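Basis for what follows: all heavy atoms, side chains included, without hydrogens, waters or symmetry-related copies. Each chain gets a letter, A, B and so on, in the order the sequences are listed, and its residues count up from 1. In each ligand, atom 1 is the first atom listed, and ligand 1 is the first ligand listed.
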Number of protein chains: 2
Amino acid sequence: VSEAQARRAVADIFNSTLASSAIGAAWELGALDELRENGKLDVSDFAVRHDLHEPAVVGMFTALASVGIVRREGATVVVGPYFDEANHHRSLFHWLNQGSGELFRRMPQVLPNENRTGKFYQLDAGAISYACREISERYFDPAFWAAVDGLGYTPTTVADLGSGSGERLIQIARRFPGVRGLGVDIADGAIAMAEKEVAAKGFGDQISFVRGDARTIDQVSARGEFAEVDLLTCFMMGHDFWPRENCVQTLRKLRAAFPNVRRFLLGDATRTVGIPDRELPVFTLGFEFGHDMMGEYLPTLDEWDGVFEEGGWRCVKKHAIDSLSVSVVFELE
Amino acid sequence: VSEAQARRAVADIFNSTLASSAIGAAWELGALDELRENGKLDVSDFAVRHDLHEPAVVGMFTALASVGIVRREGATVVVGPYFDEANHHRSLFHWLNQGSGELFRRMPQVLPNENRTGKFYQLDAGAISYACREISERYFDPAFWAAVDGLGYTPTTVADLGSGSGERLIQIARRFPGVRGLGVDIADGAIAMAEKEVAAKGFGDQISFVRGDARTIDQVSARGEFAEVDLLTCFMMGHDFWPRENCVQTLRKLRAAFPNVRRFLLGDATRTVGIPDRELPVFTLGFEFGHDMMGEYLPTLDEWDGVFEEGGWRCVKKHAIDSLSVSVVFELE
Ligand SMILES: Nc1ncnc2c1ncn2[C@@H]1O[C@H](CSCC[C@H](N)C(=O)O)[C@@H](O)[C@H]1O
Ligand SMILES: Nc1ncnc2c1ncn2[C@@H]1O[C@H](CSCC[C@H](N)C(=O)O)[C@@H](O)[C@H]1O
Ligand SMILES: CO[C@H](c1ccccc1)[C@@H](O)C(=O)O
Ligand SMILES: CO[C@H](c1ccccc1)[C@@H](O)C(=O)O
Ligand SMILES: O=C(O)[C@H](O)Cc1ccccc1
Ligand SMILES: O=C(O)[C@H](O)Cc1ccccc1
Ligand SMILES: [Ca+2]
Ligand SMILES: [Ca+2]
Ligand SMILES: [Ca+2]
Ligand SMILES: [Ca+2]
Ligand SMILES: [Ca+2]
Ligand SMILES: [Ca+2]
Ligand SMILES: [Ca+2]
Ligand SMILES: [Ca+2]
Ligand SMILES: [Fe+3]
Ligand SMILES: [Fe+3]
């Protein structure tokens, strides 16, 4: 490269940092949805209607324009060449920045071994959960609902591990009227939110929750509620079962604790292998690098394939996800 | 563009975020310096010598590789096509990420008018100082020393506004043996660090520090020493004198409080005008957008040029900085 191409590419990397953060902000602030509707918006009017500091709004849109997501035209912002694709993945930018941004920012302090004890990094838990809700729906839904449609039976009681919001149980309950739901979650506030939402939507006597660690499900004393369960679901947390030896034991314990489960639908993103550095897709590098910074295990697709039998399960169908790195839904029984 | 081009462009945007944050980290951890000296390093060797968590180290270089700053070949990392440019500007990336990242991450919380009271954003001050030390040396020093070389007299007492770590005063004292220095800084902590630094370097009896706000310099008590000053310097903070009416009055106050000043050397970065969005150079977008988010004024070059006479000074020479957005050093008298 000439010196001028290098100048441009490095300016682009810099401005990309700001665009990236602005994608998640423009999502959260409602700008991306206004642009989808009308293909354009008026900067001052947007600022006034949302009661925002307008010079900062102008910077937000400039950042987006600097890399081609939007285009500024006098007083208006118009969708740009990368708008549909950036908007498609917005929840992943939000996860990277608003969610995980402190982690990455603190790279020089997280890498040194002497610092890697106790609480050595900070995530924004509320932000991560704001993004994960749309990730779950946008990337995992087609395959999740394809798996539900090949169950070959009508579930009667569904249990969801890492139930969070309760949203999956509510959606299963809208599709299977009078199905019962049970959500297991390790956080009493994820439980409290889920209970409110379920009641708010008129399901408080179909769906209940239990505080519980899915990794050691034998320590939860809801046997008998567990014994009713004929469908088990676990999305976006499977990798926390690892390393391999712990995963095997978690899987065996889940098999014992839900002895009437027919299908177990397990969905997660995985560590990729061998992708060339200049062709990394969206999400991959952040997911993998983040977990390596936090010291947390991330298995590959092959590692999952290789663990089910030892863990007490048989994989009878597997769905590729589009494309949240390499992500999958396994149908186990 | 095709969907493929857009897919690629949005992925690069995502990855640039991680590479961006990695530039600063790789500076601070010593990787960029090692790669500048040898053109390459060995990832495991590097991690052992620096006692870093190697999976995170690999992640760091991978980030840098994903946008062409380095290349990975087996177990080694090698300089890539944008290495010289990114290394040149590494302190700007550090400033954006390590220093200012929490500002830009919190864009959804900082933009709403109802959040904008009290402490509504958070910068990392030690990080900002670490980066500012190199920004001063790498971008400002040549114009600074040129202005010192054209003073047309030999200073006897120098005052530095926003003295920081005391480094500029130490360097002046090395240039003019026997000159006295006086640093004014608003932050007690800068005073204490500067005093320790100066004592350690042996300039304890020549350089002193007084806590005070250069925007209200008429209120700073400095044992009558201001009247002995014959050179005044102020780098990287002049924009904090603005808006214009405050700047006029601060400049008059400085003229009256340092009546024996001959030259006043003023160096700062400025707000640009009319740069096309897709042509923003490095730094420019962050510096401007950051100040707008913070609610702080940033003047253009023309605004400076047009304030001096009313403020009681004459500009007799002006130096262009090479490329820190649009930055300059004014020589005033
Ligand atoms: N070991 C564990 N046992 C139970 N819940 C867990 C867990 N590890 C994480 N969680 C919970 O699972 C959620 C992870 S996010 C996944 C949310 C949900 N499955 C969805 O598709 O949106 C959080 O609510 C967290 O509290
Ligand atoms: N109004 C004000 N009066 C005095 N010092 C100020 C100030 N606003 C900012 N500062 C100080 O200015 C320093 C800015 S960093 C710039 C440091 C130095 N002039 C250099 O070139 O390297 C900090 O220590 C901060 O405390
Ligand atoms: C908390 O959810 C996030 C997620 C994102 C994509 C796939 C799986 C999980 C992530 O921070 C996690 O590792 O659990
Ligand atoms: C703290 O120094 C920084 C700087 C960088 C370049 C030019 C001017 C100022 C910046 O955060 C500031 O506005 O004071
Ligand atoms: O090994 C696998 O590929 C999957 O884990 C599940 C599977 C196996 C065989 C046939 C279909 C699905
Ligand atoms: O107006 C200007 O450009 C500068 O602020 C100072 C200058 C003016 C005239 C000749 C030289 C320097
Ligand atoms: Ca309009
Ligand atoms: Ca464009
Ligand atoms: Ca921490
Ligand atoms: Ca791609
Ligand atoms: Ca080597
Ligand atoms: Ca390359
Ligand atoms: Ca004062
Ligand atoms: Ca002019
Ligand atoms: Fe995780
Ligand atoms: Fe500033």
Open item on the list: For the residue pair A:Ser21 / B:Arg105, report whether a side-chain donor-acceptor contact shorter than 3.5 Å exists.
Closed with: no
Task: Atoms of the protein (N/O/S only) found under 2.8 Å from the Fe ion (ligand 16) - done: B:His239 NE2, B:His291 NE2
TODO: Verify the distance criterion only: is there a donor paired with an acceptor across the side chains of B:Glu331 and B:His319 at less than 3.5 Å?
DONE: yes
Check ligand 4 for close polar pairs with the protein: N or O on both sides, less than 3.5 Å.
from: ligand 4; atom 1: 11 (O); to: B:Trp95; atom 2: NE1; distance (Å): 3.2
from: ligand 4; atom 1: 13 (O); to: B:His239; atom 2: NE2; distance (Å): 2.9
from: ligand 4; atom 1: 13 (O); to: B:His291; atom 2: NE2; distance (Å): 2.9

Open item on the list: Checking the side chain of B:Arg255 only, and the main-chain atoms of B:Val261 only, is there a donor and an acceptor separated by less than 3.5 Å?
Closed with: yes
Task: Every residue of the protein that comes under 4.0 Å of ligand 5, judged on heavy atoms - done: A:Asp305, A:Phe308, A:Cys315, A:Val316, A:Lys317, A:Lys318, A:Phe330
Task: Residues B:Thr233 and B:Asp160: side-chain donor-acceptor under 3.5 angstrom - done: yes
Task: Any side-chain donor near an acceptor of the partner, B:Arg116 and B:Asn113, under 3.5 Å - done: no
Open item on the list: Could you check whether any side-chain N or O of B:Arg263 sits under 3.5 Å from a backbone N or O of B:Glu333, counting only pairs where one atom can act as donor and the other as acceptor?
Closed with: no
Open item on the list: Which label fits B:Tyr139 and B:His89: parallel for a plane angle under 30°, tilted from 30 to 60°, or perpendicular past 60°?
Closed with: parallel
Report all side-chain donor-acceptor pairs from residues 289-297 of chain B shorter than 3.5 Å, counting only partners two or more places apart or in another chain.
from: B:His291; atom 1: ND1; to: B:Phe287; atom 2: O; distance (Å): 2.8
from: B:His291; atom 1: NE2; to: B:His239; atom 2: NE2; distance (Å): 3.0
from: B:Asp292; atom 1: OD1; to: B:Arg271; atom 2: NH2; distance (Å): 2.9
from: B:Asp292; atom 1: OD2; to: B:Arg271; atom 2: NH1; distance (Å): 3.1
from: B:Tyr297; atom 1: OH; to: B:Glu303; atom 2: OE2; distance (Å): 2.5

Open item on the list: Taking B:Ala194's backbone N and O only, do any of them form a donor-acceptor pair with B:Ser165's side chain (distance below 3.5 Å, no angle check)?
Closed with: no
TODO: Using the side-chain contact (heavy atoms from CB on, under 4.5 Å) rule, pick out the option among A:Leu231, A:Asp230, A:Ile217 that qualifies with A:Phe258.
DONE: A:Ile217
TODO: Using modelled atom types only, decide if a donor and an acceptor are shared between the side chain of B:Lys196 and the backbone of B:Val198 within a distance under 3.5 Å.
DONE: no
- [ ] Look at the side chain of B:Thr250 and the backbone N and O of B:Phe241, then say whether any donor-acceptor pair between them is shorter than 3.5 Å.
- [x] no
Open item on the list: Does either side chain, that of A:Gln249 or that of A:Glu245, offer a donor lying less than 3.5 Å from an acceptor on the other one?
Closed with: no
